[PDB]
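Reproduced below: target_31.txt, with compact mmCIF, N, CA and C atoms and all ligand atoms.
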# COMPACT_ATOMS: atom_id res chain seq x y z
N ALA A 1 -17.66 12.39 13.84
CA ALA A 1 -16.94 11.17 13.49
C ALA A 1 -17.92 10.10 13.05
N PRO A 2 -17.46 9.18 12.20
CA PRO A 2 -18.30 8.04 11.84
C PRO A 2 -18.62 7.20 13.08
N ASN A 3 -19.66 6.38 12.96
CA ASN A 3 -20.02 5.52 14.09
C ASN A 3 -18.90 4.54 14.40
N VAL A 4 -18.33 3.92 13.37
CA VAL A 4 -17.26 2.95 13.52
C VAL A 4 -15.96 3.62 13.11
N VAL A 5 -14.97 3.61 14.00
CA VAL A 5 -13.66 4.18 13.70
C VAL A 5 -12.60 3.13 13.97
N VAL A 6 -11.89 2.72 12.93
CA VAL A 6 -10.78 1.79 13.08
C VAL A 6 -9.55 2.58 13.48
N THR A 7 -8.91 2.16 14.57
CA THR A 7 -7.83 2.96 15.13
C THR A 7 -6.45 2.31 15.08
N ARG A 8 -6.35 0.99 14.96
CA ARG A 8 -5.06 0.37 15.17
C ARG A 8 -5.08 -1.07 14.68
N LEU A 9 -3.95 -1.50 14.14
CA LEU A 9 -3.67 -2.91 13.91
C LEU A 9 -2.47 -3.31 14.76
N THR A 10 -2.58 -4.44 15.43
CA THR A 10 -1.50 -4.98 16.24
C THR A 10 -1.28 -6.42 15.81
N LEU A 11 -0.02 -6.84 15.70
CA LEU A 11 0.28 -8.26 15.58
C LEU A 11 0.59 -8.77 16.97
N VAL A 12 -0.23 -9.70 17.44
CA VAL A 12 -0.08 -10.26 18.77
C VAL A 12 0.80 -11.48 18.64
N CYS A 13 1.99 -11.40 19.20
CA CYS A 13 2.96 -12.49 19.13
C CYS A 13 3.70 -12.52 20.46
N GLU A 14 3.40 -13.52 21.28
CA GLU A 14 3.97 -13.55 22.62
C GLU A 14 5.49 -13.68 22.58
N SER A 15 6.05 -14.28 21.52
CA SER A 15 7.49 -14.46 21.45
C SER A 15 8.23 -13.23 20.94
N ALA A 16 7.52 -12.18 20.54
CA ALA A 16 8.18 -11.00 20.01
C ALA A 16 8.86 -10.22 21.14
N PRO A 17 10.01 -9.60 20.86
CA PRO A 17 10.72 -8.85 21.91
C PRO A 17 10.11 -7.49 22.21
N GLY A 18 9.19 -7.00 21.38
CA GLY A 18 8.51 -5.76 21.65
C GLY A 18 7.20 -5.65 20.88
N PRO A 19 6.44 -4.58 21.13
CA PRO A 19 5.13 -4.45 20.48
C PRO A 19 5.25 -4.26 18.98
N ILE A 20 4.25 -4.77 18.28
CA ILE A 20 4.19 -4.74 16.82
C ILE A 20 2.85 -4.11 16.49
N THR A 21 2.85 -2.81 16.19
CA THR A 21 1.57 -2.14 16.06
C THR A 21 1.68 -0.98 15.07
N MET A 22 0.51 -0.54 14.61
CA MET A 22 0.41 0.53 13.63
C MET A 22 -0.84 1.33 13.94
N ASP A 23 -0.65 2.63 14.17
CA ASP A 23 -1.75 3.55 14.42
C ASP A 23 -2.44 3.83 13.09
N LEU A 24 -3.74 3.53 13.01
CA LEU A 24 -4.47 3.68 11.76
C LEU A 24 -5.28 4.96 11.70
N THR A 25 -5.05 5.90 12.60
CA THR A 25 -5.87 7.11 12.63
C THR A 25 -5.33 8.24 11.76
N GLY A 26 -4.18 8.07 11.11
CA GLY A 26 -3.53 9.19 10.46
C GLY A 26 -3.22 8.94 9.00
N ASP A 27 -2.04 9.39 8.58
CA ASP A 27 -1.62 9.28 7.19
C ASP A 27 -1.36 7.83 6.83
N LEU A 28 -2.39 7.17 6.31
CA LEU A 28 -2.26 5.79 5.89
C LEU A 28 -1.32 5.62 4.71
N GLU A 29 -1.14 6.67 3.90
CA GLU A 29 -0.23 6.60 2.77
C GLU A 29 1.19 6.26 3.20
N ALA A 30 1.60 6.73 4.38
CA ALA A 30 2.96 6.48 4.84
C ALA A 30 3.22 5.01 5.14
N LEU A 31 2.17 4.22 5.38
CA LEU A 31 2.37 2.81 5.70
C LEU A 31 2.95 2.02 4.53
N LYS A 32 2.78 2.50 3.30
CA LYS A 32 3.16 1.71 2.13
C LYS A 32 4.67 1.56 2.02
N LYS A 33 5.44 2.53 2.52
CA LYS A 33 6.89 2.44 2.50
C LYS A 33 7.46 1.83 3.77
N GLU A 34 6.62 1.58 4.77
CA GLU A 34 7.06 1.06 6.05
C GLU A 34 6.96 -0.46 6.04
N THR A 35 7.35 -1.09 7.15
CA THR A 35 7.08 -2.50 7.31
C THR A 35 7.07 -2.83 8.80
N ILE A 36 6.36 -3.89 9.15
CA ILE A 36 6.50 -4.48 10.47
C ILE A 36 7.15 -5.84 10.27
N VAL A 37 7.71 -6.39 11.34
CA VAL A 37 8.65 -7.50 11.25
C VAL A 37 8.15 -8.67 12.09
N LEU A 38 8.18 -9.87 11.50
CA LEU A 38 7.95 -11.11 12.23
C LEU A 38 9.13 -12.04 12.00
N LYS A 39 9.60 -12.68 13.06
CA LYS A 39 10.53 -13.79 12.89
C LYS A 39 9.82 -14.93 12.19
N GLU A 40 10.50 -15.54 11.22
CA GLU A 40 9.91 -16.65 10.47
C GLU A 40 9.40 -17.73 11.41
N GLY A 41 8.24 -18.30 11.07
CA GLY A 41 7.64 -19.35 11.85
C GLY A 41 6.90 -18.91 13.09
N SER A 42 6.91 -17.61 13.42
CA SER A 42 6.26 -17.13 14.63
C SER A 42 4.76 -17.37 14.58
N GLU A 43 4.19 -17.73 15.73
CA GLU A 43 2.75 -17.80 15.88
C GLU A 43 2.23 -16.41 16.24
N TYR A 44 1.18 -15.97 15.55
CA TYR A 44 0.70 -14.61 15.75
C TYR A 44 -0.81 -14.56 15.53
N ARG A 45 -1.40 -13.47 15.98
CA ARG A 45 -2.77 -13.12 15.66
C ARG A 45 -2.79 -11.68 15.18
N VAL A 46 -3.69 -11.38 14.26
CA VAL A 46 -3.93 -9.99 13.88
C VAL A 46 -5.01 -9.44 14.78
N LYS A 47 -4.74 -8.29 15.40
CA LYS A 47 -5.69 -7.65 16.30
C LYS A 47 -6.05 -6.29 15.73
N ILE A 48 -7.35 -6.07 15.53
CA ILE A 48 -7.87 -4.81 15.03
C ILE A 48 -8.57 -4.10 16.17
N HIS A 49 -8.19 -2.84 16.42
CA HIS A 49 -8.82 -2.02 17.45
C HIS A 49 -9.78 -1.06 16.77
N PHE A 50 -10.99 -0.93 17.32
CA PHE A 50 -11.96 -0.04 16.72
C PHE A 50 -12.91 0.50 17.78
N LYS A 51 -13.45 1.67 17.49
CA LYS A 51 -14.43 2.33 18.34
C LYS A 51 -15.80 2.22 17.71
N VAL A 52 -16.82 2.02 18.53
CA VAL A 52 -18.21 2.14 18.11
C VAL A 52 -18.78 3.28 18.94
N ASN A 53 -19.12 4.39 18.27
CA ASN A 53 -19.32 5.63 19.01
C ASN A 53 -20.76 5.85 19.45
N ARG A 54 -21.75 5.46 18.65
CA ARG A 54 -23.11 5.94 18.88
C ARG A 54 -24.20 4.87 18.78
N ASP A 55 -24.07 3.95 17.83
CA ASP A 55 -25.15 3.01 17.53
C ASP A 55 -24.61 1.59 17.45
N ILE A 56 -25.47 0.63 17.80
CA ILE A 56 -25.12 -0.77 17.57
C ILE A 56 -24.83 -0.98 16.10
N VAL A 57 -23.73 -1.66 15.82
CA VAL A 57 -23.34 -2.01 14.46
C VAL A 57 -23.34 -3.53 14.35
N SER A 58 -23.63 -4.03 13.15
CA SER A 58 -23.71 -5.47 12.92
C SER A 58 -23.00 -5.82 11.63
N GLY A 59 -22.74 -7.12 11.48
CA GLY A 59 -22.21 -7.62 10.23
C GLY A 59 -20.78 -7.24 9.95
N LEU A 60 -20.03 -6.79 10.95
CA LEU A 60 -18.64 -6.39 10.70
C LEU A 60 -17.80 -7.58 10.24
N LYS A 61 -16.88 -7.30 9.33
CA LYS A 61 -15.98 -8.31 8.80
C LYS A 61 -14.60 -7.70 8.63
N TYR A 62 -13.58 -8.51 8.80
CA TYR A 62 -12.21 -8.10 8.52
C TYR A 62 -11.72 -8.95 7.36
N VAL A 63 -11.27 -8.31 6.29
CA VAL A 63 -10.79 -8.99 5.09
C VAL A 63 -9.32 -8.62 4.92
N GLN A 64 -8.48 -9.62 4.75
CA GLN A 64 -7.05 -9.36 4.60
C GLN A 64 -6.55 -10.07 3.37
N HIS A 65 -5.92 -9.32 2.46
CA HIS A 65 -5.34 -9.86 1.24
C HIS A 65 -3.83 -9.72 1.35
N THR A 66 -3.11 -10.82 1.18
CA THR A 66 -1.67 -10.80 1.31
C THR A 66 -1.04 -11.15 -0.03
N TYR A 67 -0.10 -10.31 -0.46
CA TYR A 67 0.58 -10.45 -1.74
C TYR A 67 2.03 -10.82 -1.50
N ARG A 68 2.48 -11.85 -2.19
CA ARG A 68 3.87 -12.28 -2.15
C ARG A 68 4.33 -12.48 -3.59
N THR A 69 5.54 -12.01 -3.90
CA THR A 69 6.02 -12.14 -5.26
C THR A 69 5.91 -13.58 -5.75
N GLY A 70 5.38 -13.74 -6.96
CA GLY A 70 5.28 -15.04 -7.59
C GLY A 70 4.13 -15.90 -7.14
N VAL A 71 3.30 -15.41 -6.23
CA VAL A 71 2.20 -16.18 -5.67
C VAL A 71 0.90 -15.43 -5.92
N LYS A 72 -0.19 -16.17 -6.14
CA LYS A 72 -1.49 -15.51 -6.16
C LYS A 72 -1.84 -14.95 -4.78
N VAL A 73 -2.74 -13.97 -4.79
CA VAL A 73 -3.13 -13.32 -3.54
C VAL A 73 -3.71 -14.36 -2.58
N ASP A 74 -3.34 -14.22 -1.31
CA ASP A 74 -3.86 -15.04 -0.21
C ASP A 74 -4.95 -14.21 0.47
N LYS A 75 -6.20 -14.62 0.29
CA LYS A 75 -7.35 -13.86 0.77
C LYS A 75 -7.95 -14.57 1.97
N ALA A 76 -8.25 -13.81 3.03
CA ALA A 76 -8.91 -14.37 4.19
C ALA A 76 -9.97 -13.41 4.71
N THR A 77 -11.15 -13.94 5.03
CA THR A 77 -12.24 -13.15 5.58
C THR A 77 -12.54 -13.67 6.98
N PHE A 78 -12.70 -12.75 7.93
CA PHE A 78 -12.98 -13.09 9.32
C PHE A 78 -14.22 -12.35 9.77
N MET A 79 -15.19 -13.09 10.30
CA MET A 79 -16.40 -12.47 10.80
C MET A 79 -16.10 -11.79 12.13
N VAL A 80 -16.42 -10.51 12.22
CA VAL A 80 -16.19 -9.73 13.42
C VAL A 80 -17.47 -9.58 14.24
N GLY A 81 -18.58 -9.24 13.59
CA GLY A 81 -19.89 -9.36 14.19
C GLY A 81 -20.52 -8.07 14.66
N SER A 82 -21.16 -8.10 15.83
CA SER A 82 -22.01 -7.01 16.29
C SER A 82 -21.46 -6.40 17.57
N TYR A 83 -21.50 -5.06 17.64
CA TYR A 83 -20.92 -4.32 18.75
C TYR A 83 -21.78 -3.12 19.09
N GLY A 84 -21.90 -2.84 20.38
CA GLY A 84 -22.63 -1.68 20.84
C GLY A 84 -21.72 -0.50 21.12
N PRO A 85 -22.30 0.69 21.21
CA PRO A 85 -21.49 1.88 21.45
C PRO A 85 -20.97 1.93 22.88
N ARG A 86 -19.71 2.34 23.02
CA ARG A 86 -19.10 2.50 24.32
C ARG A 86 -17.85 3.35 24.16
N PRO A 87 -17.37 3.97 25.24
CA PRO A 87 -16.17 4.81 25.12
C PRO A 87 -14.91 4.04 24.78
N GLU A 88 -14.75 2.84 25.31
CA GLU A 88 -13.49 2.11 25.20
C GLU A 88 -13.43 1.34 23.89
N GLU A 89 -12.25 1.34 23.26
CA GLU A 89 -12.06 0.58 22.02
C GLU A 89 -12.35 -0.89 22.24
N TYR A 90 -12.88 -1.53 21.20
CA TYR A 90 -12.96 -2.97 21.11
C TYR A 90 -11.72 -3.52 20.43
N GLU A 91 -11.43 -4.79 20.69
CA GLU A 91 -10.34 -5.48 20.01
C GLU A 91 -10.89 -6.75 19.40
N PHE A 92 -10.67 -6.94 18.10
CA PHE A 92 -11.00 -8.18 17.43
C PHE A 92 -9.71 -8.90 17.08
N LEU A 93 -9.63 -10.20 17.38
CA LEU A 93 -8.44 -10.99 17.08
C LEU A 93 -8.77 -12.15 16.16
N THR A 94 -7.93 -12.34 15.14
CA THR A 94 -8.03 -13.49 14.26
C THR A 94 -7.57 -14.75 15.00
N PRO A 95 -7.86 -15.93 14.46
CA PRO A 95 -7.23 -17.15 14.99
C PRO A 95 -5.72 -17.08 14.82
N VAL A 96 -5.02 -17.93 15.57
CA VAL A 96 -3.56 -18.00 15.47
C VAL A 96 -3.17 -18.53 14.11
N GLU A 97 -2.19 -17.88 13.49
CA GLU A 97 -1.55 -18.41 12.30
C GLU A 97 -0.05 -18.48 12.54
N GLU A 98 0.62 -19.23 11.67
CA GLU A 98 2.06 -19.37 11.69
C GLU A 98 2.64 -18.57 10.54
N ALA A 99 3.60 -17.70 10.84
CA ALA A 99 4.26 -16.96 9.80
C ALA A 99 5.06 -17.92 8.92
N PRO A 100 5.24 -17.60 7.64
CA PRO A 100 6.03 -18.48 6.77
C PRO A 100 7.42 -18.70 7.33
N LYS A 101 8.05 -19.80 6.91
CA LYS A 101 9.38 -20.15 7.38
C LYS A 101 10.23 -20.64 6.22
N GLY A 102 11.53 -20.30 6.27
CA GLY A 102 12.47 -20.68 5.23
C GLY A 102 13.12 -19.47 4.60
N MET A 103 14.41 -19.59 4.25
CA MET A 103 15.13 -18.48 3.64
C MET A 103 14.37 -17.92 2.45
N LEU A 104 13.74 -18.80 1.67
CA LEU A 104 13.01 -18.39 0.50
C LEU A 104 11.65 -17.79 0.85
N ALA A 105 11.19 -18.00 2.08
CA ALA A 105 9.96 -17.40 2.60
C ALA A 105 10.19 -16.04 3.24
N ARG A 106 11.44 -15.63 3.41
CA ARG A 106 11.72 -14.38 4.10
C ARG A 106 11.44 -13.20 3.19
N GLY A 107 11.44 -12.02 3.77
CA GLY A 107 11.25 -10.82 2.98
C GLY A 107 9.83 -10.30 3.02
N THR A 108 9.44 -9.60 1.96
CA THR A 108 8.28 -8.73 2.01
C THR A 108 7.00 -9.46 1.63
N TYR A 109 5.95 -9.19 2.40
CA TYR A 109 4.57 -9.54 2.07
C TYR A 109 3.79 -8.24 2.12
N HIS A 110 3.03 -7.95 1.07
CA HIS A 110 2.25 -6.72 0.97
C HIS A 110 0.82 -7.05 1.34
N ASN A 111 0.29 -6.38 2.36
CA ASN A 111 -1.07 -6.65 2.80
C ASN A 111 -2.00 -5.51 2.43
N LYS A 112 -3.23 -5.87 2.05
CA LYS A 112 -4.31 -4.90 1.93
C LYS A 112 -5.41 -5.36 2.86
N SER A 113 -5.80 -4.50 3.79
CA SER A 113 -6.78 -4.86 4.81
C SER A 113 -8.04 -4.04 4.63
N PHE A 114 -9.19 -4.67 4.86
CA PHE A 114 -10.48 -4.01 4.78
C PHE A 114 -11.23 -4.31 6.07
N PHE A 115 -11.65 -3.27 6.77
CA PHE A 115 -12.59 -3.45 7.86
C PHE A 115 -13.93 -3.01 7.28
N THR A 116 -14.83 -3.97 7.10
CA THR A 116 -16.02 -3.72 6.29
C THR A 116 -17.20 -4.41 6.96
N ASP A 117 -18.26 -4.65 6.20
CA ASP A 117 -19.41 -5.35 6.76
C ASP A 117 -20.17 -6.05 5.64
N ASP A 118 -21.25 -6.73 6.03
CA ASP A 118 -22.06 -7.46 5.07
C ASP A 118 -22.67 -6.55 4.02
N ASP A 119 -22.81 -5.26 4.31
CA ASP A 119 -23.28 -4.28 3.34
C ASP A 119 -22.14 -3.65 2.53
N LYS A 120 -20.90 -4.11 2.74
CA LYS A 120 -19.74 -3.71 1.95
C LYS A 120 -19.34 -2.26 2.22
N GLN A 121 -19.69 -1.73 3.39
CA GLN A 121 -19.28 -0.38 3.75
C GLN A 121 -17.79 -0.36 4.05
N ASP A 122 -17.14 0.74 3.72
CA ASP A 122 -15.69 0.86 3.90
C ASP A 122 -15.43 1.58 5.22
N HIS A 123 -15.36 0.82 6.32
CA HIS A 123 -15.03 1.47 7.59
C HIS A 123 -13.58 1.94 7.58
N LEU A 124 -12.68 1.11 7.06
CA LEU A 124 -11.32 1.56 6.77
C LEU A 124 -10.67 0.52 5.87
N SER A 125 -9.90 1.00 4.91
CA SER A 125 -9.08 0.18 4.03
C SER A 125 -7.66 0.71 4.12
N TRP A 126 -6.69 -0.19 4.22
CA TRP A 126 -5.32 0.29 4.35
C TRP A 126 -4.34 -0.77 3.89
N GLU A 127 -3.19 -0.30 3.43
CA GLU A 127 -2.08 -1.15 3.03
C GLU A 127 -0.99 -1.14 4.08
N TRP A 128 -0.32 -2.27 4.21
CA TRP A 128 0.78 -2.37 5.15
C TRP A 128 1.64 -3.55 4.73
N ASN A 129 2.89 -3.53 5.16
CA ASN A 129 3.82 -4.55 4.73
C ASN A 129 4.33 -5.33 5.92
N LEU A 130 4.60 -6.61 5.68
CA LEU A 130 5.19 -7.49 6.66
C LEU A 130 6.52 -7.97 6.10
N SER A 131 7.56 -7.92 6.92
CA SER A 131 8.87 -8.46 6.56
C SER A 131 9.15 -9.67 7.45
N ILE A 132 9.38 -10.82 6.83
CA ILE A 132 9.70 -12.05 7.54
C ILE A 132 11.21 -12.20 7.56
N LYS A 133 11.77 -12.40 8.75
CA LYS A 133 13.21 -12.49 8.90
C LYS A 133 13.62 -13.76 9.63
N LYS A 134 14.90 -14.10 9.52
CA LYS A 134 15.42 -15.26 10.24
C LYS A 134 15.34 -15.05 11.74
N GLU A 135 15.60 -13.83 12.20
CA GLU A 135 15.54 -13.47 13.60
C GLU A 135 14.76 -12.17 13.74
N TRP A 136 14.42 -11.82 14.98
CA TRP A 136 13.64 -10.61 15.18
C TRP A 136 14.42 -9.37 14.77
N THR A 137 15.73 -9.38 14.97
CA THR A 137 16.58 -8.23 14.69
C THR A 137 17.01 -8.18 13.22
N1 LIG A 201 0.62 -17.69 3.33
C1 LIG A 201 1.50 -16.56 3.09
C2 LIG A 201 1.25 -15.50 4.17
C3 LIG A 201 2.33 -14.79 4.68
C4 LIG A 201 2.13 -13.83 5.66
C5 LIG A 201 0.86 -13.59 6.14
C6 LIG A 201 0.68 -12.65 7.15
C7 LIG A 201 -0.23 -11.62 7.02
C8 LIG A 201 -0.38 -10.72 8.06
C9 LIG A 201 0.37 -10.83 9.21
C10 LIG A 201 1.29 -11.86 9.34
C11 LIG A 201 1.43 -12.77 8.31
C12 LIG A 201 -0.23 -14.30 5.65
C13 LIG A 201 -0.03 -15.26 4.67
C14 LIG A 201 1.27 -16.01 1.68
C15 LIG A 201 0.75 -14.78 1.32
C16 LIG A 201 0.65 -14.53 -0.03
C17 LIG A 201 1.08 -15.56 -0.85
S1 LIG A 201 1.62 -16.82 0.20
What do you get writing this file as structure tokens?
Amino acid sequence: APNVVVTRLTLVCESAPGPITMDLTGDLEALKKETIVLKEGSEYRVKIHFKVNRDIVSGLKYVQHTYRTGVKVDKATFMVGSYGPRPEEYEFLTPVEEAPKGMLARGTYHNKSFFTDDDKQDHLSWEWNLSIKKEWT
């Protein structure tokens, strides 16, 4: 296995009625037709789970590009940093953001995520969709 293995994305939202997560260890192609759901206006964090198997790694970064119809791409880069090898997964969390709000803000956002580093290595790249709704259901 590679030294760095990205295993999971979770949306951390205390107001959500259940877990919001995606296993990143398998068929990433299937994520493109799927979606995860946030109630409009919800406060959330993106949490990336990853393993460091053998060697200290440095310069890790999480890059997230969000696409919404009629809008230019919303690009955000988050410094993840340096991690040593250990059996248990690490979790990196972004700062809190607020999900969009408004009937016209609802619906699909297409995300492209990169777990990478200062040397531009592709630890994992994946697409996933977010659906913003008036209510959780
Ligand atoms: N600002 C919005 C935006 C909407 C949703 C998210 C998002 C991403 C991942 C998880 C939860 C929410 C980020 C930004 C825009 C995106 C593109 C054009 S406008």
For residue A:93, please output as a PyMOL selection string all residues within 8 Å (counting only N, CA and C atoms; exclusion window: fewer than 4 positions along the same chain).
-> chain A and resi 45-49+80
Those residues with N, CA and C atoms, as a compact mmCIF listing (two decimals), keeping the file's coordinate frame please?
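Result file again-v8.txt:
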# COMPACT_ATOMS: atom_id res chain seq x y z
N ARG A 45 -1.40 -13.47 15.98
CA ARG A 45 -2.77 -13.12 15.66
C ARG A 45 -2.79 -11.68 15.18
N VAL A 46 -3.69 -11.38 14.26
CA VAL A 46 -3.93 -9.99 13.88
C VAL A 46 -5.01 -9.44 14.78
N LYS A 47 -4.74 -8.29 15.40
CA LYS A 47 -5.69 -7.65 16.30
C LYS A 47 -6.05 -6.29 15.73
N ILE A 48 -7.35 -6.07 15.53
CA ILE A 48 -7.87 -4.81 15.03
C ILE A 48 -8.57 -4.10 16.17
N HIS A 49 -8.19 -2.84 16.42
CA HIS A 49 -8.82 -2.02 17.45
C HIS A 49 -9.78 -1.06 16.77
N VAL A 80 -16.42 -10.51 12.22
CA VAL A 80 -16.19 -9.73 13.42
C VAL A 80 -17.47 -9.58 14.24
Atom N of residue A:109 and atom C of residue A:122, how far apart in Å?
-> 24.1 Å
Write out as a tab-separated table the residues of chain A that have any atom within 8 Å of an atom of ligand LIG 201 (chain A), one row each with the nearest atom pair and its distance in Å to one decimal, counting all atoms listed in the file, sorted by chain and then rising number.
residue	atom	partner	partner_atom	distance
A:11	CA	A:LIG201	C9	6.9
A:38	CA	A:LIG201	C10	7.3
A:44	CA	A:LIG201	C10	7.0
A:45	C	A:LIG201	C9	6.8
A:46	CA	A:LIG201	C9	6.4
A:64	C	A:LIG201	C7	7.5
A:65	C	A:LIG201	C16	6.7
A:66	C	A:LIG201	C16	3.8
A:67	C	A:LIG201	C16	4.2
A:68	N	A:LIG201	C16	3.9
A:69	N	A:LIG201	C17	6.5
A:70	C	A:LIG201	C17	7.0
A:71	CA	A:LIG201	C17	5.0
A:72	C	A:LIG201	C17	4.9
A:73	C	A:LIG201	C16	5.1
A:74	N	A:LIG201	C16	4.2
A:75	N	A:LIG201	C16	6.9
A:97	C	A:LIG201	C11	7.3
A:98	C	A:LIG201	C11	6.3
A:99	CA	A:LIG201	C11	5.3
A:100	N	A:LIG201	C3	5.0
A:101	N	A:LIG201	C3	7.9
A:108	C	A:LIG201	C4	7.7
A:109	CA	A:LIG201	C4	6.1
A:110	N	A:LIG201	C16	7.1
A:111	CA	A:LIG201	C7	6.6
A:129	C	A:LIG201	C8	7.5
A:130	CA	A:LIG201	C9	6.4
A:131	N	A:LIG201	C10	7.8
A:132	N	A:LIG201	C4	7.9
Counting only C-alpha atoms, what is within 12 Å of residue A:17, bar same-chain residues fewer than 6 positions away, as a VMD selection string?
-> chain A and resid 37 to 39 42 135 to 137
So which bits of stretch 25-96 of chain A end up strand (DSSP E) when you DSSP the backbone, as a VMD selection string?
-> chain A and resid 36 to 39 43 to 52 57 to 67 74 to 83 90 to 93
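Across A:60, A:128, A:2, A:114, the tightest approach to residue A:36 is made by A:128 when counting only N, CA and C atoms.
Of note, atom CA of residue A:81 and atom CA of residue A:120 are spaced 13.5 Å apart.
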List the neighbours of residue A:30 out to 12 Å using only C-alpha atoms; skip same-chain residues closer than 5 positions along the sequence, and give me the result as number ranges by chain.
-> A: 22-25, 35, 126-129
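Taking all atoms listed in the file into account, residue A:78 lies nearest to A:61 out of the set A:61, A:116, A:53, A:92.
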Pairwise distance for atom CA of residue A:13 and atom CA of residue A:107, rounded to one decimal in Å | 18.2 Å
Taking N, CA, C and O atoms as the atom set, what does stretch 74-85 of chain A look like once completed, written as a CSV table (one decimal), keeping the file's coordinate frame?
chain,number,residue,atom,x,y,z
A,74,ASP,N,-3.3,-14.2,-1.3
A,74,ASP,CA,-3.9,-15.0,-0.2
A,74,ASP,C,-5.0,-14.2,0.5
A,74,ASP,O,-4.7,-13.2,1.1
A,75,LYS,N,-6.2,-14.6,0.3
A,75,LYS,CA,-7.4,-13.9,0.8
A,75,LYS,C,-8.0,-14.6,2.0
A,75,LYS,O,-8.2,-15.8,1.9
A,76,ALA,N,-8.2,-13.8,3.0
A,76,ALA,CA,-8.9,-14.4,4.2
A,76,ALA,C,-10.0,-13.4,4.7
A,76,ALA,O,-9.7,-12.2,4.8
A,77,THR,N,-11.2,-13.9,5.0
A,77,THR,CA,-12.2,-13.2,5.6
A,77,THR,C,-12.5,-13.7,7.0
A,77,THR,O,-12.6,-14.9,7.2
A,78,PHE,N,-12.7,-12.8,7.9
A,78,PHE,CA,-13.0,-13.1,9.3
A,78,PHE,C,-14.2,-12.4,9.8
A,78,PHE,O,-14.3,-11.1,9.7
A,79,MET,N,-15.2,-13.1,10.3
A,79,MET,CA,-16.4,-12.5,10.8
A,79,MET,C,-16.1,-11.8,12.1
A,79,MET,O,-15.6,-12.4,13.1
A,80,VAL,N,-16.4,-10.5,12.2
A,80,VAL,CA,-16.2,-9.7,13.4
A,80,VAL,C,-17.5,-9.6,14.2
A,80,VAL,O,-17.5,-9.8,15.5
A,81,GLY,N,-18.6,-9.2,13.6
A,81,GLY,CA,-19.9,-9.4,14.2
A,81,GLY,C,-20.5,-8.1,14.7
A,81,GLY,O,-20.5,-7.1,14.0
A,82,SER,N,-21.2,-8.1,15.8
A,82,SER,CA,-22.0,-7.0,16.3
A,82,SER,C,-21.5,-6.4,17.6
A,82,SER,O,-21.1,-7.1,18.5
A,83,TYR,N,-21.5,-5.1,17.6
A,83,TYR,CA,-20.9,-4.3,18.8
A,83,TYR,C,-21.8,-3.1,19.1
A,83,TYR,O,-22.3,-2.4,18.2
A,84,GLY,N,-21.9,-2.8,20.4
A,84,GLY,CA,-22.6,-1.7,20.8
A,84,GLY,C,-21.7,-0.5,21.1
A,84,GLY,O,-20.5,-0.6,21.3
A,85,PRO,N,-22.3,0.7,21.2
A,85,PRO,CA,-21.5,1.9,21.4
A,85,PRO,C,-21.0,1.9,22.9
A,85,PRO,O,-21.7,1.6,23.8
